[PDB]
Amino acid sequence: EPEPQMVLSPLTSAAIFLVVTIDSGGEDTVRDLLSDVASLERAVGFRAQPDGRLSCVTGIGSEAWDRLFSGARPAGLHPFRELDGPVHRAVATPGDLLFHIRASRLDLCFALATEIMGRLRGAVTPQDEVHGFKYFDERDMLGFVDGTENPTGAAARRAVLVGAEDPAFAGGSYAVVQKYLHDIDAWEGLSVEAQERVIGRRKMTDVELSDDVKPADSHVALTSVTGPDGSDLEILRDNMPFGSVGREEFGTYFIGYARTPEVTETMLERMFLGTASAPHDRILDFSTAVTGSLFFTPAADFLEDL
């Protein structure tokens, strides 16, 4: 059986997202680190178990894949597709490697990030570093509970893990990241009932709005997608708040895992380009994407065998 990376993590209250590019000539150093990342995760995390819940998911971008590896590629691995809507744009920004580091405490994330970046010094250039923290009641920076409809258990494994459709890459996943900044001043100008019509759920109690009050351009309406065969197309999210009070920077770091980028990209198209019923996702009137990258997160045994 292929052993996946810790894509399906228990709930964690802290994250570091590290996105780097590989410098010309840095390939050999990167390949050595990829074969050691699971060993480093154990070295940093074991002595803080069982409450540390430290994990690192490592992702490789399309262009980086072709620099690092020869032979067969994951079937759906391509650069993030830029979406140029009438009003809103999803930008593509550079990123060769993703380290999605999660734990119950920021210090465990930081210790592992330090070991990884120590091994990659001189081989990579940092593009993005975000220290994420969840609100004590799973709220995001818009004050809504965030994670509620994530798939769990068997449903989550079926939604996120590559299987027989791409058998050489079984146990992998596709991660799409986007750093969003929120216009909190504009958002806080709305009544709670208007905010609820933007999201599609009740703010305090997190109960979904009935189908007869839920707007067509609400977030939950546009990211609810069914396949030709009537099944829900699901992704696994672990959205993390971040920011800087002095710079008035209030953000949501979006990460969505799926067994094919097609599911995440269908949701992004509905959000950014809209549908018959909806010009675009109302969440984007208060949320600006400033990064956008796609990564393949290989099976753990793929990284071990380099």
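One-based numbering along the sequence shown. If you superpose the two forms and keep the largest set of C-alpha atoms that fall within 1.5 Å, you have the rigid core.
Root mean square Cα distance to the shown form, taken over structures and residues in 4 other deposited structures of this protein after a core fit, is higher for 136-144 when 136-144 and 150-158 are compared. Looking at 8-16 and 292-300 together, the entry lists the larger mean B-factor for 8-16, computed on C-alpha atoms. According to the PDB record, 51-59 carries the higher mean C-alpha B-factor of the two stretches 51-59 and 248-256. Between the residues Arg105, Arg139, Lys179, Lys203, it is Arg105 that shows the highest Cα B-factor in the PDB record. In the PDB entry, a CA B factor belonging to the lowest third of its chain's modelled residues is recorded for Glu196.
Among the modelled residues of its chain, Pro74 has a C-alpha B-factor that falls in the middle third, as given in the PDB entry. In the deposited entry, the Cα temperature factor of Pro241 sits in the bottom third of values across the chain's modelled residues. In the PDB entry, a CA B factor belonging to the lowest third of its chain's modelled residues is recorded for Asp146. In the deposited entry, the Cα temperature factor of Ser210 places it in the highest third of its chain's modelled residues.
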